[PDB]
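Q: quick one, structure for this:
(one chain, ligands or ions: 2)
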Amino acid sequence: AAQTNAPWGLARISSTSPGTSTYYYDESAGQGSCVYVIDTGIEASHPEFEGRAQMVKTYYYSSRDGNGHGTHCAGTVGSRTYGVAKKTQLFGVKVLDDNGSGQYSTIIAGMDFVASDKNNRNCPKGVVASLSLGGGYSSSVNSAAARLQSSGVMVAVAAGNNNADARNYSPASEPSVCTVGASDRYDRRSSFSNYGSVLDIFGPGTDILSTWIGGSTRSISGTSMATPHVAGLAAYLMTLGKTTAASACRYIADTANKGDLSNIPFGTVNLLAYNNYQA
Ligand SMILES: [Ca+2]
Ligand SMILES: [Ca+2]
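A: Residues are numbered from 1 along each chain as shown. Ligands and ions are numbered 1, 2, ... in the order given. Find the structure here:
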């Protein structure tokens, strides 16, 4: 399949080179996979989700995404137009309030929730969790992310937007998950992207168009936007049978575009998520 005039990030993860405009992908499109978006929620009614999104848990008064961020991230995972894995199932877990903030105890609970809830879902191609969030280092946050990964979920987390070493942020600094830095359309590390040895992969993160609340769309930037590209790619590769939840991060790093990015500090991987699709 080929989506013409795709968002740059989708084009980029199906190209060896920057500057293309078509997103090339196997039509399986993540069918049979599931991705939990652990964030401010998902506006499941957005037409772009085609009925494939649902809220499954909230830690606040409502399950509504009153912010947008979670809807955006979900759209990069699996919306029709803006998503990597256009046929995946999306599950929303609202751990962040409508200002985009959340307490670590709540975030931890949301991870534990996914680890359990997945056992109640029919996700034959496997389960991914996308965590476009983080704060300062916390061993308990990292441990929760590690547990979620261990439970059989491919966990992708944002590196953080501090232009600093991700070792000081969580869950970015948890080694066992897939920690995702952000790039821009010119293959530069995004100006705000964290870096460091703990990064596994980069994905598109600057000026990413996706769904927004109110049935809208908008472009925003962040490692929060890079993370769902990776989560969606994992879902897509799992549906293809190329990898598993346990191995997807490594597979993605293995099969990434290597050495394409600029302003990568020495000791940070130079790896950009790539689907390797061949028609
Ligand atoms: Ca290249
Ligand atoms: Ca890792």
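Q: please make it C-alpha for all contacts and neighbour counts, starting now.
A: Fine.
Q: which part of the stretch 51-200 of the chain gets nearest to ligand 1, residue-wise?
A: residue 187 (9.3 Å; Cα to the ion).
Q: so who does the spatially closest residue to that residue that is not a sequence neighbour touch?
A: Closest residue to residue 187 in three dimensions, ignoring its sequence neighbours and counting by Cα to Cα, 6 or more residues apart in numbering: residue 261, at 4.8 Å. Contact analysis of residue 261 by Cα atoms under 8 Å, 6 or more residues apart in numbering lists 183, 187, 188, 189, 270, 271, 272.
Q: what is the end-to-end distance of stretch 217-226?
A: Stretch 217-226 has an end-to-end distance of 17 Å (Cα to Cα, to the nearest Å).
Q: how about stretch 181-195: buried residues?
A: By 16 or more other Cα atoms under 10 Å, the buried positions in stretch 181-195 come out as 181-185, 187-190, 192-195.
Q: apologies, that question was intended for stretch 89-106.
A: If you call a residue buried by 16+ other Cα under 10 Å, then stretch 89-106 has these buried ones: 89-98, 100-102, 104, 106.
Q: what's the answer for stretch 198-209, then?
A: Within stretch 198-209, the residues that qualify as buried by neighbour count (16+ other Cα under 10 Å) are 198, 199, 200, 201, 202, 203, 204, 205, 206, 207, 208, 209.
Q: cool, stretch 151-167 as well?
A: Going by neighbour count (16+ other Cα under 10 Å), the buried part of stretch 151-167 is 151-162, 165-167.
Q: those residues: which ones sit near ligand 2?
A: Among the buried residues of stretch 151-167, none lies close to ligand 2 by the criterion of Cα under 5 Å from the ion.
Q: now the buried residues of stretch 181-195 as JSON lines including secondary structure and distance to residue 40?
A: Converted to JSON lines, the buried residues of stretch 181-195 look like this (DSSP: H, G, I helix; E, B strand; the rest coil; distance: Cα to Cα, whole Å):
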{"residue": "181", "secondary structure": "strand", "distance to residue 40": "20"}
{"residue": "182", "secondary structure": "strand", "distance to residue 40": "20"}
{"residue": "183", "secondary structure": "strand", "distance to residue 40": "23"}
{"residue": "184", "secondary structure": "coil", "distance to residue 40": "24"}
{"residue": "185", "secondary structure": "coil", "distance to residue 40": "26"}
{"residue": "187", "secondary structure": "coil", "distance to residue 40": "29"}
{"residue": "188", "secondary structure": "strand", "distance to residue 40": "28"}
{"residue": "189", "secondary structure": "strand", "distance to residue 40": "26"}
{"residue": "190", "secondary structure": "coil", "distance to residue 40": "23"}
{"residue": "192", "secondary structure": "coil", "distance to residue 40": "21"}
{"residue": "193", "secondary structure": "coil", "distance to residue 40": "21"}
{"residue": "194", "secondary structure": "coil", "distance to residue 40": "22"}
{"residue": "195", "secondary structure": "strand", "distance to residue 40": "25"}
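Q: quick check: bridge partners of residue 209?
A: With DSSP bridges as the criterion, residue 209 is bridged to residue 219.
Q: if I look at residue 255, how far off is residue 234?
A: According to Cα to Cα, residue 255 stands 12 Å off from residue 234.
Q: who's more crowded, the two?
A: Neighbours per residue (other Cα atoms under 10 Å) separate residue 255 from residue 234, with residue 234 holding more: 36 against 15.
Q: who touches that one in this structure?
A: Counting by Cα under 8 Å, 6+ apart, residue 234 touches 128, 154, 245, 248, 249, 252.
Q: phi and psi next, for residue 144.
A: Main-chain torsions, residue 144, degrees, to the nearest 10: phi -60, psi -40.
Q: burial count for it?
A: Using other Cα under 10 Å, residue 144 has 22 neighbouring residues.
Q: in this structure it contacts residue 111, no?
A: Yes - contact criterion Cα atoms under 8 Å: residue 144 and residue 111 qualify, at 6.3 Å.
Q: residue 86: neighbouring residues, count only.
A: Other residues lying near residue 86 total 27 when counted by other Cα under 10 Å.
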